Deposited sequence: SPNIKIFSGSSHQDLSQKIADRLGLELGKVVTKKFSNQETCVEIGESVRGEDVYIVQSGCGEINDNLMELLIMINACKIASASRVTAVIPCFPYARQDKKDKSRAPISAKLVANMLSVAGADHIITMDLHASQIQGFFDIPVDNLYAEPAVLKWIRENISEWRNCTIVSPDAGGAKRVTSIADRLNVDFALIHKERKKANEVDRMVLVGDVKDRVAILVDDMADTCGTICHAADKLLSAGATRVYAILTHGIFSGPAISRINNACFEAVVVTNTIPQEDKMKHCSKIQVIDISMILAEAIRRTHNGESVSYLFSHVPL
């Protein structure tokens, strides 16, 4: 069985980068829409007995991309692929992970069920919003971390990183920032709202680094940056693995006081970078390519949790 890399419509640049780092060409697939807005998927090459990897991120027009992904998975499954893996850098509906005193659907579980019934045997994703989403599946799920690439960017871009601070925008981000701080050996502050917020950890004359999993409307990071500047921090950085940047996000970032908003390219950012000069992008295509290659060859994937390939 050989590796076949297929791209959805959501993130073609990421898929091309991944295929480049594996020494492959993207698989021949036509993904369009009929006139009635129905997804049309045609696998243009035989995938019989192959190790198929479909790259599709939960971004853009989310329901359309998810439908395309499910249809591609099912097409490869009934075309007798030996194994079908969904490479989903940003997991759709990941924030619908709990009910919490509401008659709300756990939409992430529904997405996991639909991926399972489409025929996915393996999920590769990056920085799941909640790790418990791994339990929503009955198939193996590899949850990669952008932390190696984030630390690399911090070291090569913040000259004052030995005295800097790693700040979480909310309580739920504590573990990630603590890990980052430990690997950098730096002090780590915290922030949480009460319309007011409290920041704990000395930041005066010290660079603050907000680290968080995603920014959708950027209310969280903007409030955090406001408070960080209240406490007299010199410069403020925001680092995110998923730059959804929906709605008022670009205007808020433009009107905010960040020195940089760094995001990983799990979501295409070219358009967002057009209208916001302070957005920078970390390439994580090497981590995804390495994970695909290690799952194919049966090598350890947890090695990546601590090493940049």
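A.B. asks: Extract from the deposited sequence all ranges with no corresponding C-alpha coordinates, numbering residues from 1.
C.D. replies: Unmodelled stretches, in sequence order: 1, 196 to 202, 318.
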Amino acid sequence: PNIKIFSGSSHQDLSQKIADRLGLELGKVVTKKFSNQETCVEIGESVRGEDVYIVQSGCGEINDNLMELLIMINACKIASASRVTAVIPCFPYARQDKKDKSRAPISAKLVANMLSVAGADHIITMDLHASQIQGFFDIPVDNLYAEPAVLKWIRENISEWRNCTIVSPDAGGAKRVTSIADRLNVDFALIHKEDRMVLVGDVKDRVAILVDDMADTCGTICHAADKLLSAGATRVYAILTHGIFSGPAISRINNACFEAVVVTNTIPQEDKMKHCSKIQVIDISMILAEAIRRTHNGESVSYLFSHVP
From here on, numbers count along this sequence of modelled residues.
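Rigid core here is just the name for the largest C-alpha set that superposes within 1.5 Å across the two forms.
A.B. asks: Any chance you could tell me whether 111 to 119 or 96 to 104 drifts more in 4 other deposited structures of this protein, judged by RMS CA distance from this form after superposing on the core?
C.D. replies: The answer is 96 to 104, which departs more from the shown form in 4 other deposited structures of this protein.
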